[PDB]
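K.L.:
Enclosed are the sequence and the experimentally obtained structure.
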Amino acid sequence: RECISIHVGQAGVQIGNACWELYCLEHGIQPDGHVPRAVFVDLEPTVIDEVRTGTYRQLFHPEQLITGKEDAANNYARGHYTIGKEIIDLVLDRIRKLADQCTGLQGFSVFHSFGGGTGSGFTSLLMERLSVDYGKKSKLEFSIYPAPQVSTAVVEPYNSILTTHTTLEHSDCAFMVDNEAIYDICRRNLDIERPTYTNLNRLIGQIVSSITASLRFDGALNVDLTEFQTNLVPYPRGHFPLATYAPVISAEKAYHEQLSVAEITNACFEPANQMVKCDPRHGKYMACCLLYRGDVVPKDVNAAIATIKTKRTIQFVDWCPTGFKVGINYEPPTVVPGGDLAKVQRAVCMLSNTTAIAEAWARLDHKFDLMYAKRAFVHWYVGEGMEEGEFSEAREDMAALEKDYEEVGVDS
Amino acid sequence: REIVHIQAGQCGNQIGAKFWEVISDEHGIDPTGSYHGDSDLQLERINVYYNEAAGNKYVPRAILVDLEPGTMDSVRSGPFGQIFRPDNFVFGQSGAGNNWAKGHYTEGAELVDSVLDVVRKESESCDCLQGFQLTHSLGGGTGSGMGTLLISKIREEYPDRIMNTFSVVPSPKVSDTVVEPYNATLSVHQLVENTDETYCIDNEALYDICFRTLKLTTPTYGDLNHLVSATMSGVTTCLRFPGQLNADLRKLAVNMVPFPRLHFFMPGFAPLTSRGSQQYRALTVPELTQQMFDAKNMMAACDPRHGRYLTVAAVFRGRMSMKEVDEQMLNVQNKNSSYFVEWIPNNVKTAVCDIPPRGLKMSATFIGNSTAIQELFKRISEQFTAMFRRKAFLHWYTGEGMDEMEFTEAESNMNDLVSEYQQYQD
Amino acid sequence: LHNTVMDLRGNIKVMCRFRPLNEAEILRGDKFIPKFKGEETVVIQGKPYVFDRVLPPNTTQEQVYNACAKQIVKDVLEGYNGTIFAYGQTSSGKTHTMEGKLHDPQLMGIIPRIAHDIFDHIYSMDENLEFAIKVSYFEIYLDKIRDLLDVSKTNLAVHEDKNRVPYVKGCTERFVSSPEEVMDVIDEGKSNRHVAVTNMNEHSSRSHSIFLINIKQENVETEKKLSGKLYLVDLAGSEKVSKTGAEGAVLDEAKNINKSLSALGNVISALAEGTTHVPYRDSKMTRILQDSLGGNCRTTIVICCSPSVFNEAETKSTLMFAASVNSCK
Ligand SMILES: CC(=O)O[C@H]1C(=O)[C@@]2(C)[C@H]([C@H](OC(=O)c3ccccc3)[C@]3(O)C[C@H](OC(=O)[C@H](O)[C@@H](NC(=O)c4ccccc4)c4ccccc4)C(C)=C1C3(C)C)[C@]1(OC(C)=O)CO[C@@H]1C[C@@H]2O
Ligand SMILES: Nc1nc2c(ncn2[C@@H]2O[C@H](COP(=O)(O)OP(=O)(O)OP(=O)(O)O)[C@@H](O)[C@H]2O)c(=O)[nH]1
Ligand SMILES: Nc1ncnc2c1ncn2[C@@H]1O[C@H](COP(=O)(O)OP(=O)(O)NP(=O)(O)O)[C@@H](O)[C@H]1O
Ligand SMILES: Nc1nc2c(ncn2[C@@H]2O[C@H](COP(=O)(O)OP(=O)(O)O)[C@@H](O)[C@H]2O)c(=O)[nH]1
Ligand SMILES: [Mg+2]
Ligand SMILES: [Mg+2]
């Protein structure tokens, strides 16, 4: 029934504090109410401390807040092997102590930031140690994969080609939200050149609320977590769909809010609104899980979608007749009291697997090579319990992820 | 986390006074007083530079190494001079001769053990050690020789903790000493092989940047020092603050050093506007990158425009949009694709603290790893040969128990170091 | 075709040597994974060509020695440099190829054979040549040069020669004028080599070994001194830290040494094939063997490999070393 969550890496923790905020906010549980149902991991104390100093301070147990005073290191190796190792046990312990206390759970919603040290590496083995300790569950990892041109870390790819290959054979469904492609939404669909990280977080903090929160919440067309991976992954590769939200209108500027279904659903497939720089440049969808929430008439959907199924310029895979999982919830969304999110009475958090990422992975793989081609910051990992193996052998890994996402599509 | 500063030589020392003059105020620590901190955040992370004893006396955890009493006795007899626990003063009343050899093999080699002693008392302080900060000048005895030894020993004692080095590489135009390239070439040698992050500052790159970027007409040393200390605060201490995207020595190290040499950087501060007038506030952000990335404004002597970059780390510290930050960095990376090296898709390492420099609204330290610094070790290396060839003031070295093969060694080493760095400019 | 791509001809490649399985392990758990094709391709998974030469699990010690070292020894006696590198993890066959058993008429390795050939020319061709065979044996452990003879020095330094090329000064050298004294140097150095306490069968090398044979020959009539250096470099083992679980042992310490030295490796063949000059003077290993990495191409890399669930790791790395050169036409 439940779904634990492990927010790993400063980012996964910032986003965590955010997604965790939106929660109580739409459940009437102020600062000090019940008890969360997740944990927080980081090898840099000062960040988890922000959850220990700032807002939502006492809504957590100093037990579900793991820290390694030591060093973060923007390098996979160190975070996965060398350092990150020391903490893992302890980490697990909570996701085994928190996993017990419950009643027939469904899985762990993992929150990490692909291209980091504590986020890429660590998790790599966290999800790793999970796939074995609970192979019998769902492993949906919600990632924030590398901005297409606006990356931060100098190494980023090293850290992301490595978190992909190690987690690939362990996740159930990996959701992806592109940090940059979300900015566009903040520039083009909300207008603000002042987007603090605290915003992107409010956003995913939204799209995510549509996943677990409301879905695990009764409705006219419930959709379990398992449901996802089933209706969402055509193949064992921990396939990565993309998150998209519909009423991303500004709560100040424009106001046409009352944008009946027929509109908000069409607003999902236009590439300028998908929290991912993977513009459907060719990527044929192969399965979409249209999660609606608020006042929505099933016919409105079983029509708004029909209209789409016949737009053709939206070309769905061949081997897939119908790939539209319509998830209907009741309670409308719940916007921050005064952030910058419109606040409509219905939304569409549609996520999907698109042959599109054939790109995004490509463009991120290429990156890697360029540097590896010169070993660049390699000495930083080797000296951290890794080898020419793990790199070269994780490169070959993704290689067959560029072929995979190519074969499962583009061909009939 | 933590670190333990090291004031090698007079310069490195003189600067200590300025690095601590600053940092303290950037942490509300009065002379011997405690934390008067205008805020409450300038305390949760202080540890990085102090120690708890009394309850109002957080003492800087640095080392003051020097073979010339008068110096430390000027730093200890002035302003903040009375905050260092006397135990910190590792003096060498000997003749602090201006010889690299006199402070690395003969005179300094003695005072070393009585230093390492303390560098251990401070390291084994508490919690977890990160690395050590090292200030000095590569143009003298107690600086290049004895300080370059202090590290060679440190790096044998904890090849785990990092080693940032703040070197005052011998300014071009005019040398404030004569053997300079001797004391220098010999210390850079030791650097390229122990510390793993070096920030080279040039007394004349400063003047310039201090007499034209600060209409300042009488730039006393105190100033230069002050400007420098401003950068080393943005680096360390800063990142030991919260941030949307924070880093720390390692990130900085693990994102800036593609190849083990250790490589040297060139720090640059952001808001560098003259007092009254200039107080233009054009600091939205494009103004900071405008700054940081220009030629002038690079504490180094060389000009970036004269050689690609391998890595860059804009360590900003003041509330801004992870969008207008992450964005700007890009155009910058495209307007100058020419010089920014290619085999690194994203050279830049954007870092973002929150709280800014006490009295300012928005700043951003720049730590550049450009191939341009090739044209400096060249300089140094040249000066050597031109004088080595004739063994100029060599008797002051050998006569101190040195080797004719020692000088050969260093030059070559550091000379090769020039070579390599070009391997990427191409 | 395919010949033009041999642009790597840099010979500085790395001949593959598979060790055979013994009857006790054919049906224990260790089985063949190496498919051989011809005498130069090895198919492990997906792999359509290998490189220059693959020695099968049917190739003699003598056979490996002829192809790999015999020429290098010949050139060294004329006053040139040569390097033979060795690599392969635990139970791959390194100990068996380099030394084997110290006195075995055909089971003996590389170092006892070179020693036999050296003293077969000496006293048969000395009538104007005065030979002095000097051997030196040192390890690189925690990137410090530990001399393995006399009194162990926990660090030892390089200095530079007449040309500004570094060499290991102070390395304890000794005369050897018959084969026995060479064996006695090996016994002495191995007894202080850092070996992980496993089971008696396994020999987990945590320290890289450099055996120097310095062929000094002096000419009696006015012509001067020659000094060919044969560096026999026995690389320490490489072990996948991920699988084994280094918590705290000389596993973590070895992982840093083996990775730093293998990485420098990668750049050195790549430079020995086609690059501008680069990571010399970076590590002590590189400082000891530099003159050889630039001239008399004789740095034969002999990597081992035994079929099984294991050894596939170090074998793989041995193949990834000289796999790129000219591509193509
Ligand atoms: C009224 C007002 O706003 O005054 C400003 C000011 O006028 C200006 C000109 C300051 C001023 O700085 C200088 O004039 C200067 C003097 C010698 C060497 C270098 C600089 C200032 O003195 C410096 C001072 O800086 C700080 O307070 C930072 O926290 C800074 N602190 C120190 O350097 C410091 C100085 C004395 C004692 C202890 C610390 C800092 C910077 C980076 C990391 C840590 C701390 C500031 C904003 C000002 C004054 C006071 C006039 C500027 O410098 C800095 C480092 O902020 C020079 O260009 C900038 C722009 C500022 O607006
Ligand atoms: N959406 C969103 N992205 C974030 C947030 N914080 C960081 N990121 C992104 O995630 C990545 C940053 O990871 P870091 O903060 O450097 O590291 P970490 O993953 O927390 O772990 P360490 O490297 O060990 O500190 C970058 O790509 C950021 O753009 C956040 O609050 N929201
Ligand atoms: N060709 C061969 N014939 C007979 N025995 C062999 C042969 N090659 C290897 N062996 C034996 O198999 C084992 C592997 O020996 P060595 O001890 O040669 O391994 P490595 O040196 O491969 N091991 P390691 O150092 O731990 O990484 C030893 O017991 C050898 O005596
Ligand atoms: N920025 C700066 N440079 C200094 C200071 N003091 C000496 N220097 C420089 O250091 C060099 C001289 O070395 P010095 O510090 O006297 O050596 P030592 O005292 O014998 O170790 C000259 O290039 C000076 O410009 C200082 O307080 N600030
Ligand atoms: Mg973090
Ligand atoms: Mg062996």
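P.N.:
Good, I have the coordinates. Residues are numbered from 1 along each chain as shown, chains lettered A, B, ... in the order given. Ligands and ions are numbered 1, 2, ... in the order given.

K.L.:
For the spatially most central residue of chain A, give me its contacts.
P.N.:
Per CA atoms, centre = their mean, the C-alpha nearest to the average position across chain A is that of residue A:142, at 2.5 Å. Counting by CB atoms under 8 Å, 6 or more residues apart in numbering or on different chains, residue A:142 makes contact with A:109-112, A:174-175, A:177, A:204, A:208, A:211. Every C-beta, even on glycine, is put in place using the N, C-alpha and C of the backbone.

K.L.:
Mind listing the residues bridging to residue B:163?
P.N.:
Each beta-bridge partner of residue B:163 is listed here: residue B:132, as defined by DSSP bridges.

K.L.:
So what's the residue count around it?
P.N.:
When counting by other CB atoms under 10 Å in any protein chain shown, one arrives at 24 neighbours for residue B:163.

K.L.:
Ligand 2 contacts on chain B?
P.N.:
Taking CB under 6 Å from any ligand atom as the criterion, the neighbours of ligand 2 within chain B are B:244-245.

K.L.:
which one's the longest helix in chain B?
P.N.:
The helix that spans the most residues within chain B, counting by DSSP state H, is helix B:404-425.

K.L.:
and what of chain C?
P.N.:
If you go by DSSP H, chain C has its longest helix at helix C:250-274.

K.L.:
which strands and helices sit next to that helix?
P.N.:
Under the contact definition 3 or more CB pairs under 8 Å, 6 or more residues apart in numbering or on different chains; DSSP states H and E, helix C:250-274 sits against helix A:379-382, helix A:388-402, strand C:129-141, strand C:195-196, strand C:208-219, helix C:241-244, helix C:284-288.

K.L.:
The shortest one and chain A in contact?
P.N.:
No: for strand C:195-196 and chain A, the contact criterion (CB under 8 Å from any CB of the partner chain) is not met; the two come no nearer than 15.8 Å.

K.L.:
all helices of chain B, in order?
P.N.:
B:11-25, B:69-75, B:108-123, B:146-157, B:181-191, B:203-211, B:221-239, B:249-256, B:286-292, B:322-335, B:374-388, B:395-398, B:404-425.

K.L.:
Mind giving me the packing neighbours of the fourth one?
P.N.:
Just to be clear, that refers to helix B:146-157. In terms of contacts (3+ CB pairs under 8 Å, 6+ apart), helix B:146-157 is packed against strand B:5-8, strand B:62-66, helix B:108-123, strand B:131-136, strand B:162-167, helix B:181-191.

K.L.:
which residues of the stretch 101-250 of chain C fall in helices?
P.N.:
C:111-121, C:179-190, C:241-244, C:250-274 (DSSP state H, counting those that start in this stretch).

K.L.:
Please tabulate those in JSON lines and include distance to ligand 6 as additional columns.
P.N.:
JSON lines is the format used below for the helices of the stretch 101-250 of chain C (distance: least, CB to the ion, whole Å):
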{"stretch": "helix C:111-121", "distance to ligand 6": "13"}
{"stretch": "helix C:179-190", "distance to ligand 6": "10"}
{"stretch": "helix C:241-244", "distance to ligand 6": "17"}
{"stretch": "helix C:250-274", "distance to ligand 6": "13"}
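
K.L.:
mind listing what the residue nearest to the spatial centre of chain B touches?
P.N.:
Within chain B, one residue has its C-alpha closest to the average C-alpha position: by CA atoms, centre = their mean, that is residue B:166, at 2.1 Å. Shown in contact with residue B:166 (CB under 8 Å, 6+ apart): B:12, B:15, B:133-136, B:198-199, B:201, B:228, B:232.

K.L.:
What subset of these is buried?
P.N.:
Of the members of the contacts of residue B:166, the ones counted as buried by neighbours, 16 or more other CB atoms under 10 Å in any protein chain shown, are B:12, B:15, B:133-136, B:198-199, B:201, B:228, B:232.

K.L.:
Can you give me the buried ones in stretch B:91-98?
P.N.:
Buried residues in stretch B:91-98, defined by neighbour count with 16+ other CB under 10 Å: B:91-92, B:94, B:96-98.

K.L.:
ok, back up a step: in helices, which of the contacts of residue A:142 fall?
P.N.:
When helices are assigned by DSSP H, the members of those inside them are A:204, A:208, A:211.

K.L.:
Who wins on neighbours among the contacts of residue A:142?
P.N.:
With neighbours defined as other CB under 10 Å, the most crowded of those is residue A:112; it has 33 neighbours.

K.L.:
Might one say that that residue is in contact with residue A:159?
P.N.:
No: contact between residue A:112 and residue A:159 fails when scored by CB atoms under 8 Å: they sit 10.7 Å apart.

K.L.:
what sits in contact with each of the two?
P.N.:
The contact sets of residue A:112 and residue A:159 overlap at A:119-120 (CB under 8 Å, 6+ apart).

K.L.:
circling back to that earlier point, can I get the helices of the stretch 101-250 of chain C in a markdown table with mean neighbour count?
P.N.:
Putting these into a markdown table (neighbours: other CB atoms under 10 Å in any protein chain shown) gives the following:
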| stretch | mean neighbour count |
| --- | --- |
| helix C:111-121 | 19 |
| helix C:179-190 | 16 |
| helix C:241-244 | 15 |
| helix C:250-274 | 20 |
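
K.L.:
CSV please, covering these and showing distance to residue C:91.
P.N.:
Putting those into CSV (distance: least, CB to CB, whole Å) gives the following:
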stretch, distance to residue C:91
helix C:111-121, 20
helix C:179-190, 17
helix C:241-244, 14
helix C:250-274, 16
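
K.L.:
can you tell me which residues contact residue A:207?
P.N.:
By CB under 8 Å, 6+ apart, the contact set of residue A:207 is A:177, A:243-245, A:275, A:349, A:351.

K.L.:
and those, which two are the farthest apart?
P.N.:
A:177 and A:349 (11.2 Å; CB to CB).

K.L.:
Between the two, which contacts overlap?
P.N.:
Any residue near both residue A:177 and residue A:349 by CB under 8 Å, 6+ apart counts here, and that gives A:207, A:243.

K.L.:
could you give the angle of the helix or strand hosting residue A:366 to helix A:388-402?
P.N.:
Here residue A:366, judged by DSSP states H and E, is contained in helix A:358-372. Per axes from the mean of the first three to the mean of the last three CA atoms, to 10 degrees, the angle that helix A:358-372 makes with helix A:388-402 is 160 degrees.

K.L.:
May I have the distance across stretch A:104-120, first residue to last?
P.N.:
The first and final residues of stretch A:104-120 sit 29 Å from each other (CA to CA, to the nearest Å).

K.L.:
and of the helices of the stretch 101-250 of chain C, who's closest to residue B:34?
P.N.:
Taking CB to CB, helix C:250-274 is the member of these nearest to residue B:34, at 40.9 Å.

K.L.:
Tell me, how many residues neighbour the nearest residue to residue B:141 once chain neighbours are set aside?
P.N.:
Of all residues not flanking residue B:141 in the chain, residue B:103 sits nearest, at 3.6 Å (CB to CB, 6 or more residues apart in numbering or on different chains). Residue B:103 is surrounded by 34 other residues when neighbours are defined as other CB under 10 Å.

K.L.:
for the one 4 residues further on, same thing?
P.N.:
By the measure other CB under 10 Å, the count of residues near residue B:107 is 22.

K.L.:
Kindly provide the distance from it to residue B:193.
P.N.:
Distance, residue B:107 to residue B:193, by CB to CB, to the nearest Å: 22 Å.
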